[PDB]
Novice: 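Let me begin by handing over the structure; questions about it come next.
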Amino acid sequence: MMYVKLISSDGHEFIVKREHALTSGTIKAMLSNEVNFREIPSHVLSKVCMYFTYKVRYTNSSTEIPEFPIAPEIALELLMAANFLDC
Amino acid sequence: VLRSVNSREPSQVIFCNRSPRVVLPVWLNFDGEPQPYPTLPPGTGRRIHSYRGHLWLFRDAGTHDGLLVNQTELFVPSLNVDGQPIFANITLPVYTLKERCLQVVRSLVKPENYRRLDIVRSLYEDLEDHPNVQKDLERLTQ
Amino acid sequence: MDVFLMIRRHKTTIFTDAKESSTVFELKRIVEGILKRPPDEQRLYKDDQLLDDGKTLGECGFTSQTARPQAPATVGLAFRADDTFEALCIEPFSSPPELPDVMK
Ligand SMILES: Cc1ncsc1-c1ccc(CNC(=O)[C@@H]2C[C@@H](O)CN2C(=O)[C@@H](NC(=O)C2(C#N)CC2)C(C)(C)C)cc1
């Protein structure tokens with residue numbers, strides 16, 4: 001399986017399937033096997049990776065879909081990352 | 001353009017809320033105006049009487065966020081075969097991460113204060129531009 | 001049934017999935033593919049507990065309803081340098097700032 005590496009502003013290295021990271025058009029352009037995010041800290045980029053897993057699992061599936069959870073403390077920062085990454 | 005047909009042929013339906021939201025059913029009447037119906041708590045069901053050709057959509061009763069019904073936007077009751085009712089399965093969509101973040105931020109910040117948030121102007125606009133049935137009726141009519 | 005995991009060591013975090021019926025040794029082969037270290041140079045953990053190679057992820061408590069796509073379970077990883085194994089160390093993620101006034 002093909003993986004890529006996404007690196008947070010504080011140096012945390014997240015390793016995810018290439019298919020999943022291509023969820024983001026912005027990440028696709030930054031690749032086309034590692035990307036550095038100078039503005040996104042690890043407590044936000046970890047949640048981004050969890051969204052990829054959730055989207056790929058629950059897109060086109062009739063098994064009841066659960067709510068994607070977002071703690072209030074990280075919501076503003078996650079919003080800005082989502083806008084940048086278009087996802 | 002988008003409206004129910006005055007068919008007069010009955011059709012029994014089960015509204016099944018398989019979402020964690022409080023659900024507002026909306027019937028589009030013969031002139032295309034949205035008419036709201038009684039709400040359904042999360043996980044609950046109701047047997048209702050409707051008609052063939054009639055149009056329905058479903059929303060979060062509190063925020064108006066959009067919901068799916070049998071995997072799509074609109075539900076049209078069909079012909080009942082062997083007396084059995086039609087099933088309307090109401091579920092959460094897979095929201096984009098951006099729209100899900102906007103929901104959570106809207107739920108924590110009073111609309112007068114959106115402008116105080118330290119974010120780019122276009123996100124302020126995205127926050128104020130909250131879900132609404134008329135807006136979607138235009139889009140779907142397209 | 002699929003289980004959804006974060007495998008963590010130091011400042012490294014792998015997102016992947018595996019079968020409930022799959023073994024600990026089999027997860028090390030996955031890690032081997034990604035980080036280029038053989039199973040004999042790996043220890044896997046659940047919290048502080050070392051995991052045995054022949055046991056299933058299910059027996060060790062990774063089940064489809066606790067290791068979810070939107071909230072995956074953590075598996076700790078330690079490497080052997082030279083003769084001996086480093087201790088288990090997982091760097092925590094950053095702290096969120098205080099909520100703005102308008103969100104309180
Ligand atoms: C109890 C409940 N909980 C959530 S929704 C709900 C509920 C409550 C009451 C009803 C009663 N059924 C109706 O109002 C149906 C639904 C929709 O098809 C329109 N409708 C009608 O009966 C409509 N009637 C007709 O079209 C006709 C008649 N008569 C010409 C056939 C009218 C009276 C609103 C114009 C249906 C659902």
Side-chain angles (χ1 to χ4, degrees), chain A residues 1-23 27 33-34 36-59 61 63-81, chain C residues 1-20 22 26-37 42 44 57 62-79 89-104:
Chain A
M1 186 97 306
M2 203 86 66
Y3 289 89
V4 308
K5 180 186 290 188
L6 308 175
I7 306 180
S8 64
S9 62
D10 54 328
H12 271 270
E13 303 186 0
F14 299 97
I15 294 171
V16 303
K17 284 175 175 92
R18 186 175 200 104
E19 184 204 341
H20 293 200
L22 297 181
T23 304
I27 291 178
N33 293 318
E34 305 191 348
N36 276 278
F37 298 101
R38 301 202 213 172
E39 281 181 289
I40 306 174
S42 55
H43 76 271
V44 176
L45 182 58
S46 51
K47 257 273 144 91
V48 170
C49 294
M50 291 174 206
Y51 180 88
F52 300 146
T53 313
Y54 172 87
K55 173 177 175 179
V56 171
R57 173 60 187 81
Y58 288 115
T59 292
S61 210
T63 49
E64 187 184 332
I65 291 171
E67 193 87 73
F68 185 79
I70 307 170
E73 293 75 25
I74 73 168
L76 210 72
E77 288 173 299
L78 194 60
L79 177 63
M80 297 188 285
Chain C
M1 300 289 293
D2 293 330
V3 295
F4 298 87
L5 312 166
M6 297 184 291
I7 306 166
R8 302 193 63 208
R9 172 189 175 267
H10 289 208
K11 270 180 150 178
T12 297
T13 291
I14 297 165
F15 285 77
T16 187
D17 51 66
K19 298 301 191 193
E20 227 177 277
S22 71
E26 295 159 1
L27 198 54
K28 296 176 173 181
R29 283 291 192 211
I30 297 298
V31 170
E32 170 170 41
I34 296 172
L35 300 183
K36 311 307 173 174
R37 292 284 223 114
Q42 293 182 48
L44 302 184
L57 300 185
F62 301 100
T63 69
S64 57
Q65 304 176 82
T66 61
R68 299 152 294 169
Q70 73 278 8
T74 300
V75 176
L77 171 63
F79 287 143
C89 161
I90 297 179
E91 278 282 311
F93 300 146
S94 48
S95 288
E98 270 186 50
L99 283 166
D101 272 354
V102 302
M103 291 179 61
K104 293 163 157 187

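Below, read A as the first sequence line, B as the second, and so on, with proteins coming before strands; counting in each chain starts at 1. Every heavy atom of this structure was used, including side-chain atoms; hydrogens, water molecules and symmetry mates were not.
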Novice: Could you state the interatomic distance from SG (A:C49) to CE (C:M6), rounded to the nearest 0.5 Å?
Specialist: 10.0 Å

Novice: For each of C:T16, C:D17, C:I14, tally heavy-atom pairs with chain A at distances under 4.5 Å, and name the one with the top tally.
Specialist: C:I14

Novice: Using heavy-atom distances under 4.5 Å, tell me whether C:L35 contacts chain A through its side chain, its backbone, both, or neither.
Specialist: side chain

Novice: What is the distance from atom CD1 of A:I74 to atom OG of C:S94, rounded to the nearest 0.5 Å?
Specialist: 10.0 Å

Novice: Are there over 12 heavy-atom neighbours, none belonging to A:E39, within less than 6.0 Å of that residue's CD?
Specialist: no

Novice: For chain C, which of A:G11, A:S9, A:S8 has the most heavy-atom pairs under 4.5 Å?
Specialist: A:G11

Novice: Just wondering, do C:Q70 and A:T53 contact through their side chains at under 4.5 Å, heavy atoms?
Specialist: no

Novice: Take the angle between the ring planes of C:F93 and A:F14 and call it parallel below 30°, perpendicular above 60°, tilted in between.
Specialist: tilted

Novice: Which atoms form the tightest heavy-atom contact between A:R57 and C:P69, and what is the distance?
Specialist: CG-CG, 3.8 Å

Novice: So, taking the atom named CZ in C:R8 and the one named NE2 in A:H12, what distance separates them when rounded to the nearest 0.5 Å?
Specialist: 6.0 Å

Novice: Are side-chain heavy atoms of A:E77 and C:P97 found at a separation under 4.5 Å?
Specialist: yes

Novice: Determine whether the aromatic ring centres of residues C:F4 and A:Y54 are separated by less than 6.0 angstrom.
Specialist: no

Novice: Using non-hydrogen atoms only, which part of A:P41 is less than 4.5 Å away from chain C: side chain, backbone, both, or neither?
Specialist: both

Novice: Between chain A and each of C:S95, C:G33, C:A71, count heavy-atom pairs under 4.5 Å; write down the option with the most.
Specialist: C:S95

Novice: What part of A:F52 gets closer than 4.5 Å to chain C, counting heavy atoms only: side chain, backbone, both or neither?
Specialist: neither

Novice: Heavy atoms only, distances under 4.5 angstrom: which of A:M1, A:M50, A:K55 has the most pairs with chain C? Name it, please.
Specialist: A:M50

Novice: Using a 4.5 Å cut-off on heavy atoms from C-beta on, say whether the side chain of A:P72 contacts that of C:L99.
Specialist: yes

